[PDB]
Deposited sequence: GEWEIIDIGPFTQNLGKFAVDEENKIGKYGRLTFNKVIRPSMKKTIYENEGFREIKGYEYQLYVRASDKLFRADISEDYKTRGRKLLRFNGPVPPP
């Protein structure tokens, strides 16, 4: 894979919302309220071994705490899945 910094525009915010919504269905943290994806946002390109998919790592502020969310995206299907949601974590 290769990692790159991505900006925190609407698409990235919408990934953050996705992570919180998914976590709220999962229920590990009870009910979270999405606030914002903060910098830095990172995106890993995963080759088939030719792009297979991507992994986003986002710092997501929800319920006034910070969480680290890792989201996978399948290049062909366009489907996304919440892989990890850790925290609360300290600020990057």
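- Message: Where does the structure fail to cover the deposited sequence at the C-alpha level?
- Response: No C-alpha for residues 50-53, nothing else.
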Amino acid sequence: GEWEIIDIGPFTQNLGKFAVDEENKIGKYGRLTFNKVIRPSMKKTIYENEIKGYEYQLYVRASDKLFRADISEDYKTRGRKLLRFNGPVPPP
From here on, numbers count along this sequence of modelled residues.
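- Item | Per the entry, higher mean C-alpha B factor between 35-43 and 50-58 | The recorded data point to 50-58.
- Task: Using only the Cα atoms and their B-factors as the entry lists them, report which of 12-20 and 72-80 averages higher.
- Result: Between 72-80 and 12-20, it is 72-80 that shows the higher mean C-alpha B-factor.
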